[PDB]
Ligand SMILES: Cc1cc2nc3c(=O)[nH]c(=O)nc-3n(C[C@H](O)[C@H](O)[C@H](O)COP(=O)(O)OP(=O)(O)OC[C@H]3O[C@@H](n4cnc5c(N)ncnc54)[C@H](O)[C@@H]3O)c2cc1C
Ligand SMILES: Cc1cc2nc3c(=O)[nH]c(=O)nc-3n(C[C@H](O)[C@H](O)[C@H](O)COP(=O)(O)OP(=O)(O)OC[C@H]3O[C@@H](n4cnc5c(N)ncnc54)[C@H](O)[C@@H]3O)c2cc1C
């Protein structure tokens, strides 16, 4: 059975599946690129002639007749098959536009994000020809917007808990649908509500019924769909976002999307098929933060000098730069992997969401800090974009959950190979090649040889110094997984403190290797910036190898860290019991 | 000459001047306390019956007739001599009220902060009897507000650059004053503008003139003072904040405050005499964040459970708790040191500002993260208090500057003792006791003895485990200073990258020892929470000893860190040259 092409999955097994990762990918046909040249121009000039971010914020919705203009560029159909009404773009052409719009206004660009990153996305990802023909030409025009109605009060971050749910009619010719969904994008505006809901089914093991989760397409034309007024939120304000209510809505059963009960797989497939766009948009946003910053820090005097001459400004600026270049270099790589058409990349997707969402927030905060008083005002716009970033660590799955998902979904196949232990011990002689070099891991790991991994020939020689770091990290990272997995078995899923820290380890490690790949590309092709990219990549790899070391080491052994986890359980418990901070002030009064 | 009682100054010399720090201080007379008990009640109940934070934000000023009510409690005169119209409070009684108001609305409480933490503060800290009698009874009533008009466009965070400046009249009977000041609190409302400006003086070495900096008191009753409309800012919005302009304002010369040219010392004295209030207010704010947090995390289900049962929630909550308890335990300690009346504590002051301002922001961000979607809305208020915190890392001196100040002002006296080297080598025999145990440092440090430091008897025995950590940290921290100081001499002031990291080291180390002191108090007196405080203190000390290790070690030796600092200088330079992010996207387009 073929090895999972996922680099991260390989990395959990301590294997080195570079092949989704090297050379840093290129995917454009010469027409696909050339087409892109013709699109970049007018769209970006739109976002200086036409748009106005501050006014968009003030109105708490898009400029309606500026929004309209996007319909005419087909902005609501960028990924649709061209003759069915779209631009037919590959993932990576689309991602470039996502970078552009992310440079300018998160609000509009996330209204799109809802509408086309995930909104109708099921119609492409499973819809039949009849489904596409019916709905898609409407949606692509942006005459009809769509929304991904997962979340409801009871619980949103656990899909299995959704109580909003649906009765097949007795003639079977339609499903019937009920429930609230809360915080749905374009809930005021959309026509094509995708809705995810529970439904009974007669089972295929006994003919008893069980309850399973289904995804659906619902036009507001059905009647009985209704939505609240918009909520008030920290930013993104030009985006419409509301509840949606279902008055027993009827749904002709050929509007089952995918197949009844496949819905949960659909939901995770859509969200993973969308996440790359977020990293693209934040890449753009960061590009415009860092520009705004360096310009201010170019002009401001202090202490008789331009402040960019002072070390702490240089460090802040360099970090923000590295974070942008990493995010960009990851986003384009995931889009390219999809356009090539690898099928498995679930971890890389989740990692890209986590890293881009947190890193943009780090950058924007530093930006305000360098910008000082100037920065804090409503005039310079940085303030709005900061407020707008903080949302991204939450929606489209909160990063804490996504961390746990990364770690668990990762160490599925490690668990498989450990099961390979129990199998092989019970066929040592009949089977051949059963464990050849498997204990060799300990031959490598106990006696302190090189593990046998290298980036030789894989990375441009000059980088290989920093490239060496990745091997070190990898050897250390995969090592701890084995131990901490084995000790805890499938009980691991309750070792949350540990799982989180493995999530952060995986994040930094994969972020490392991505940049090291792109750097190798730019070095070899010799673009004039290639030495600059070398300098960035090296700085990142040095820091990331440091953090990974102190994570892995502090996690593997320290009794004091077990004292910490004990303390956190104790202290959290005490806070919960008291329902508050336990201790009075030193005065008692 | 007496040893500086400053613990931090001692710490720079690697000495252990616990005596400003142990036992954890108590300062209240039984009337001072009892008075406080009578004040806590009605004020806090005011901040539930009367105030409304959301409306305050909406109006972008205080509820005018709610503001009025504070005048009647004397809120604008809490520190004024009672018979001159104040409450006569010690620092620590005032600090308790600061904790209360910080629990509820940063806006009002910083309008006070401007008015009385620093505003009139020069009138107490140097004003003559005639000055106090004249101005103070007006100000204490809050009929007249006051402002600390340091900052102006040209430059604000460097006091020496202020161009706003003043001519002594030829009769000498008044000074005459000119310039703008920008971002001045209560600039719309205040009557008693303190203003800080340059002025010529005939020198006392030749009778040639030089230019020096003076502080002044200015009533708007003088005429010729004017101010802009209010600016728009991310929060705190109920605070008024504006420019102020000076139309050649005349100032009768007995309104020199302190003495002409002493102004810069006055400015730093005021700001240091104020900073403790900020740590108090944020302590309160954090107390109400963490309460809001634990309550939401007490009720929310997910995955079939209350989420507080899941490890990552427990860790977040425990950290937020530790950060609150540290901030509180520091603020009250600085206030107590002032009420006792130690004179030198400049570093502890700056540290308290840095740590409280950053730590509250860490807490508020985690609070939003646990609060998820619920958290992001305008309904629960957390979003406003988050926006309101981000300002504190900037104003009253930006933390980056304050870091550099901490490190430099610290290693002044180390430089003195190294000069003691050059002196002693040129009197080895005449002088006695010249260097006895001084090379003993290397006897201790090379051969790896204990340095001779301990907390034995100083800290409660059970803590001494975590107490041991401080000695380790201290030995490591002071060690690097010596080396990095010596190598760089007074050129050190240009080794910014290094100085910053020493600032962070000092921060964590002193924060540790503070909590270890308070914990020892609570243990010995045996308050029912004392085991809880033990658990907090231990967790903090373990983490802080870890971060200090990796700071000191990574800074002292790694060539790769010198490669980093090289890279940052190179990369920052490239960004400045290009005035932007250097590299195109992987597509070139
Ligand atoms: C709501 C609000 C209220 C305010 N109220 C007051 C008030 O009551 N009184 C008052 O005096 N001010 C007030 N201010 C102004 C605020 O305190 C200013 O940030 C500060 O006083 C001066 O900062 P600046 O912007 O002039 O610094 P800048 O000149 O803009 O420089 C600060 C930035 O440059 C960098 N920098 C500058 N010099 C150095 C150096 N030597 N080394 C390294 N980095 C350096 C820092 O990293 C920082 O990012 C207020 C501001 C706001 C937003
Ligand atoms: C502006 C905006 C737009 C939105 N648009 C959409 C949209 O288009 N589509 C959509 O589906 N949703 C949307 N949402 C909702 C958002 O995606 C939700 O945050 C998410 O869908 C579900 O989160 P929740 O609040 O229900 O999670 P909750 O049930 O509130 O739980 C999340 C919190 O609980 C903790 N937690 C939960 N489970 C665990 C666990 N197992 N272990 C440890 N900790 C745990 C986490 O630490 C986190 O802090 C939007 C929200 C906003 C604010």
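Using ideal geometry, Cβ is built from the backbone for each residue, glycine included, and neighbour counts are taken over all protein chains shown. No value in this document is a laboratory result; all are computed from the given coordinates.
With bins 10 Å wide beginning at 0, the percent of Cα pairs of the protein assembly as shown falling in each bin runs 2, 9, 17, 21, 21, 16, 9, 4, 1, 0, 0, 0. Taken over the C-alpha atoms, the range A:219-277 has Rg and Dmax values of 15.2, 40 angstrom. Per residue, the convex hull around the alpha carbon atoms of the range A:451-558 comes to 97 Å³.
Ranking of B:64, A:538, B:191 by neighbouring Cβ atoms within 10 Å, starting from the fewest: B:64, B:191, A:538.
Show me the three semi-axes of the equivalent ellipsoid for the range B:381-526, from the C-alpha gyration tensor (sqrt of 5 times each eigenvalue), largest first, rounded to whole Å. Don't jump to the answer; show the numbers that get you there.
On the way: eigenvalues 228, 132, 29 Å².
Square roots of five times the eigenvalues give 34, 26, 12 Å.
Diagonalising the gyration tensor over the Cα atoms of the range A:211-340 and scaling each eigenvalue by 5 before taking the square root yields semi-axes of 47, 21, 10 Å, largest first. The mean number of Cβ atoms from other chains found within 10 Å of a Cβ in peptide B:148-158 is 2, as a whole number. Sort out for me the Cα centre separation of the range B:300-364 from the range B:1-62, rounded to whole Å. A separation of 14 Å, based on Cα centres. Label position 7 Å from Cα toward Cβ: report the copy-to-copy distances for residue A:247 in nm, one decimal, ordered from shortest. From this label point to the equivalent ones elsewhere in the assembly: 6.4 nm.
Sorted by mean Cβ packing within 10 Å, highest first, what order do the peptides B:195-202, B:22-29 take?
On the way: B:195-202: 19.0, B:22-29: 16.4.
Peptide ranking by packing, descending: B:195-202, B:22-29.
If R0 is taken as 41 Å, the Cβ-Cβ distance between residue B:163 and residue B:479 corresponds to a FRET efficiency of 0.40.
How fast does the range A:285-334 diffuse by Stokes-Einstein, in µm²/s, taking the Kirkwood radius from C-alpha pairs at 37 °C and 0.692 mPa s? Don't skip to the answer; put the middle values down first.
Values: Rh = 11.8 Å.
For these conditions, the coefficient is 278 µm²/s.
The order of the peptides A:280-286, A:226-232 by mean Cβ neighbours within 10 Å, most packed first, is A:280-286, A:226-232.
Could you tell me the ratio Rg/Rh of the range B:523-577? Both radii from Cα atoms, Rh via Kirkwood.
Details: Rg = 20.4 Å, Rh = 14.6 Å.
That ratio is 1.40, to two decimals.
If I stretch the segment between residue A:462 and residue A:438 completely, what's the gain in nm (0.36 nm per residue apart, minus their alpha carbon distance), one decimal? Intermediate values should be presented prior to the final figure.
Numbers: separation 24, 0.36 × 24 = 8.64 nm, distance 3.26 nm.
Computed gain between residue A:462 and residue A:438 is 5.4 nm.
Express the C-alpha Rg of the range A:420-506 as a ratio against the empirical globular expectation 2.2 N^0.38 Å, rounded to two decimals. Don't skip to the answer; put the middle values down first.
Numbers: Rg = 16.6 Å, N = 87, 2.2 N^0.38 = 12.0 Å.
That ratio works out to 1.38.
Looking down the axis that turns chain A into chain B, the chain A residue with its beta carbon nearest that axis, and the gap rounded to whole angstrom, comes out as A:550, 3.
Measuring how big the range B:126-176 is from its alpha-carbon positions, Rg and Dmax come out at 14.9, 36 Å.
Can you say what percent of the DSSP beta bridges in chain B, counting only those with both residues inside, are antiparallel? Round to 5.
Numbers: 31 of 36 bridges.
In chain B, approximately 85 percent of DSSP beta bridges are antiparallel ones.
When DSSP beta bridges are limited to those with both residues in the range B:106-216, what percentage is antiparallel, rounded to the nearest 5? Intermediate values should be presented prior to the final figure.
Working: 12 of 17 bridges.
Approximately 70 percent, going by the DSSP bridge assignments.
For residue A:129, the label point sits 7 Å beyond Cα toward Cβ; its separations from the matching points on the remaining copies run 10.3 nm, from shortest to longest. Equivalent ellipsoid of the range A:458-513: semi-axes from √(5λ) of the C-alpha gyration tensor, largest first, are 28, 11, 6 Å.
Averaged across A:531-542, how many Cβ atoms of other chains sit within 10 Å of each residue's Cβ atom? Let's see the in-between values first.
On the way: counts 3, 8, 2, 1, 8, 5, 0, 5, 8, 1, 1, 7.
For this peptide, the per-residue mean of nearby foreign Cβ atoms is 4.
Determine, for each peptide in B:432-445, A:484-497, the mean count of other beta carbons within 10 angstrom over its residues, then list the peptides with the highest first. Could you put the intermediate results ahead of the total?
Numbers: B:432-445: 11.4, A:484-497: 14.6.
Highest to lowest by the protection proxy: A:484-497, B:432-445.
Normalising the Debye intensity of the range B:337-378 to I(0), with uniform scatterers on Cα atoms only, and taking log10 at q = 0.17 Å⁻¹ returns -0.60. Sorted from nearest, the other copies put their residue A:430 label points 9.9 nm away, the label point being 7 Å from Cα in the direction of Cβ.
Expressed as a fraction of 2.2 N^0.38 Å, the rule-of-thumb size for a compact globular protein of N residues, what is the C-alpha radius of gyration of the range A:146-260? Can you show the working numbers first?
Values: Rg = 14.7 Å, N = 115, 2.2 N^0.38 = 13.4 Å.
It is 1.10.
Under the Kirkwood approximation applied to all pairs of distinct alpha-carbon atoms, what is the hydrodynamic radius of the range A:30-140 in Å? Kirkwood radius, the range A:30-140: 14.7 Å. Modelled spin-label separation between residue A:173 and residue B:494, with each label point placed 7 Å from Cα along the Cα-to-Cβ direction: 8.8 nm. When shorter helices are ignored and each DSSP H run of at least 4 residues is given -39500 (n - 2.57), the per-residue value for chain A at 222 nm works out to -18500 deg cm²/dmol.
In terms of the ratio Rg/(2.2 N^0.38 Å) built on C-alpha atoms, what value belongs to the range B:305-457?
Values: Rg = 23.3 Å, N = 153, 2.2 N^0.38 = 14.9 Å.
For the range B:305-457, the normalised Cα radius of gyration comes out at 1.57.
Over chain A, what portion of Cα pair distances is larger than 48 Å, expressed as a whole percent? Could the numbers behind the result be given before it?
Values: 27853 of 173166 pairs.
Result for the distance tail: 16 percent.
The mean number of partner chain beta-carbon atoms within 10 angstrom of a residue's beta-carbon across peptide A:379-388 is 2. Label point of residue A:229 set 7 angstrom out along Cα-Cβ; within the range A:164-198, amide nitrogens under 20 Å from it belong to A:181-190.
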